[PDB]
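Protein chains in written order, with the deposited numbering: chain C, 79 to 254; chain D, 79 to 254; chain B, 79 to 254; chain A, 79 to 254. Below: one structure, written as structure tokens.
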């Protein structure tokens, strides 16, 4: 049951193993807090494996977050969906720039600084822009779920859904 | 023209000078970045005046933010509306607890962790809860502007309007 | 003819000699370029009189500009209406903040960074805010002449008329 | 997703790679401030690449600005839309001369010194004139969006829209 599931997930990772242009360490999600909102997880790679603080973490469908602390053989990763996390993004098709902030909900981000009149709609893909010099650019982050316009305010309300699996992830990739 | 305006504002501060239960230093807003979104300001009090990092800052109508760096005679204050700022709050009437995050818009906060079914509505007052042990409790923070409910997601979307003046403030109070 | 005119203007200056809260040097406008758009003038005070680069210059009705270069007994002053000049201001009544830029026209300024929905109207007085730490705050700068709203853009177009006389000024005051 | 987008943008640059008459360095936009009004950006070329202070910067559709400071491998570029920036221009068809100033809005310039009666209309193309000896002449700058005439004042109000992408740009060209 674990050997099947692990194989399926591993294959998916091999199919998306060409999405990177560098060396990536295949680490597994191991320590997780029981509460289903704890937007921070642990990985089965650490210092011995060359993992460092700040390192980006992704899966076969999206950027997941960043390492925020390292142990000899394990490490802690803050997910994009944490209220404390922000990532610069852009709408894939047109290059419209924004900041995606965590909401504390496992399945939602919110985009900041999107003009109320901006060309953005449900289903548009957001990808990393790299503009904070933390993440490689071009990797999928989320898809727009909703736009809410607001009378008198400069910026629209934009809710999005991460493309990575967050809570339902198995194995994770660390970028060098 | 400055003597009139300054007097009006000062009076308002004297009328709300009984809202505190301790000693408060009356400081003025002095250095501000030209850009009208820079959610961070400076004050005309500093180290010489006993101002410290972390100190809460408010006006006659709301909590404004916190000191984040000190100079001999001036200081820098991060406002609640900054994307990096979060404050624990509660709905005044019923005690429903939430986290108010800055949106980067001068006139808006967003509440996190509010159950989709929660008893919250447009016009409800949010006040500090003190639960992060950073702010005194009971001081006005914002009023709910909008609730948006979301199918399948645990938490509602709540937008609120700070009660303090943020960008349109003159003088500020520092709590000891 | 010059003794009458000079007396009238001097009196007006004596009536507005209580608008300052410090020592002010009464200097006259002396060297001016023939072209009626040259938004830069000279004054009959200089180094010998303690005039310095950066010093604010005003008349009985408004801030006029700043000294930009000093000579033994004369000095050059850049006016607010020069395209290269900007001054932080605020709407007197409500404290709405903005940047007033010179237009190159002797009788016009333009305000930057005023929300399209902002509470501003024809006849509102703008005064210095001091927020650039160059000018004393509270001194009259201009009155709003026109608001033009713009579909899709965040900021309104605001044209204003300086309260100082610019080209039709006689004598000028330098603030210490 | 980044490889597609980057290819499209690169092609567009190859199609407009004949607009220059000299050697141009293809640099990418890398460091950008989160705030969506910060009219200043960074490029992934610098001193090592022969980039210098003052150097003009453009894209496939317009002049973008100028380098204002150089680092070993990166550089900072001030955009035309910054309130501090001015560029001499001319109406393409008739040669009517003007100064285009930044407004602080990402999508707007304003023309100075345009006679109220001047032959200028919505949709006219403005191009660099070279007359400040900073920019090559003939390169597209903006298109007129609006003319507002003003009773008693010599100069019309002219708002224009840059042809370059400013905030929505990917890669940039530096002119030698």
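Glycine residues also receive a C-beta, built at the ideal position from the N, C-alpha and C atoms.
Find out if the Cβ-Cβ distance for the pair residue i, residue j is shorter than 7 Å.
| i | j | result |
| --- | --- | --- |
| residue 158 of chain B | residue 217 of chain B | no |
| residue 150 of chain A | residue 109 of chain A | no |
| residue 121 of chain B | residue 95 of chain B | no |
| residue 92 of chain C | residue 252 of chain C | no |
Tell me the DSSP bridge mates of residue i?
| i | result |
| --- | --- |
| residue 187 of chain A | A/180, A/238 |
| residue 115 of chain D | The partner list for residue 115 of chain D (beta bridge, DSSP) is empty, contrary to what the question assumes. |
| residue 232 of chain B | DSSP, once it has assigned bridges, lists no residue as partnering residue 232 of chain B. |
| residue 131 of chain D | The partner list for residue 131 of chain D (beta bridge, DSSP) is empty, contrary to what the question assumes. |
| residue 175 of chain A | A/168 |
| residue 136 of chain A | A/141, A/251 |
| residue 193 of chain D | D/233 |
| residue 198 of chain D | Answer is none; residue 198 of chain D lacks a bridge partner. |
| residue 244 of chain A | Residue 244 of chain A pairs with nothing; no bridge assigned. |
Between which two residues does the alpha helix (DSSP H) containing residue i stretch?
| i | result |
| --- | --- |
| residue 82 of chain A | 80-93 |
Identify which residue in the options has its Cα closest to the Cα of residue i.
| i | options | result |
| --- | --- | --- |
| residue 186 of chain A | B/209, B/228, B/145, B/107 | B/228 |
| residue 172 of chain D | D/129, D/104, D/163, D/203 | D/203 |
| residue 119 of chain A | A/156, A/147, A/135 | A/156 |
| residue 207 of chain C | C/223, C/178, C/244, C/224 | C/178 |
| residue 148 of chain B | B/137, B/126, B/215 | B/126 |
| residue 180 of chain A | A/162, A/220, A/83 | A/162 |
| residue 197 of chain A | A/160, A/236, A/214 | A/236 |
| residue 170 of chain A | A/84, A/193, A/222, A/132 | A/222 |
| residue 250 of chain C | C/194, C/88, C/175 | C/88 |
| residue 192 of chain C | C/238, C/160, C/115 | C/238 |
| residue 209 of chain B | D/100, D/107, D/243 | D/107 |
| residue 254 of chain A | A/100, A/248, A/105, A/116 | A/100 |
| residue 214 of chain D | D/190, D/174, D/133, D/83 | D/133 |
| residue 242 of chain D | D/190, D/137, D/175, D/205 | D/137 |
| residue 240 of chain D | D/160, D/175, D/226, D/174 | D/160 |
| residue 105 of chain C | C/116, C/117, C/129 | C/129 |
| residue 43 of chain C | A/81, A/115, A/83, A/84 | Not covered by the structure: residue 43 of chain C. The range shown for chain C is 79 to 254. |
| residue 226 of chain A | A/81, A/190, A/174 | A/190 |
| residue 139 of chain D | D/111, D/81, D/90, D/174 | D/90 |
The beta strand (DSSP E) with residue i in it runs from where to where?
| i | result |
| --- | --- |
| residue 249 of chain C | 249-253 |
| residue 108 of chain B | 102-110 |
| residue 221 of chain B | 218-226 |
| residue 206 of chain B | 203-206 |
| residue 155 of chain D | 153-157 |
| residue 164 of chain A | 164-169 |
| residue 143 of chain C | 141-148 |
Measure how close the beta-carbons of residue i and residue j come, nearest whole angstrom, since I'm counting them as under 8 Å.
| i | j | result |
| --- | --- | --- |
| residue 233 of chain C | residue 183 of chain D | 6 Å |
| residue 212 of chain D | residue 144 of chain D | 7 Å |
| residue 224 of chain D | residue 188 of chain D | So it is not a contact: roughly 10 Å between Cβ atoms. |
| residue 98 of chain D | residue 165 of chain D | The Cβ separation is near 18 Å, so there is no contact. |
| residue 146 of chain A | residue 131 of chain A | 6 Å |
| residue 194 of chain D | residue 168 of chain D | 18 Å between Cβ atoms; not a contact. |
| residue 205 of chain C | residue 79 of chain A | 6 Å |
Cβ of residue i versus every heavy atom of the ligand NAD: is any distance shorter than 6 Å?
| i | result |
| --- | --- |
| residue 140 of chain B | The ligand NAD is not part of this structure, which contains no ligands at all. |
For the segment 176-199 of chain C, which residues have a beta carbon sitting closer than 9 Å to at least one beta carbon of chain G? The structure shown contains no chain G; the protein chains it does contain are C, D, B and A.
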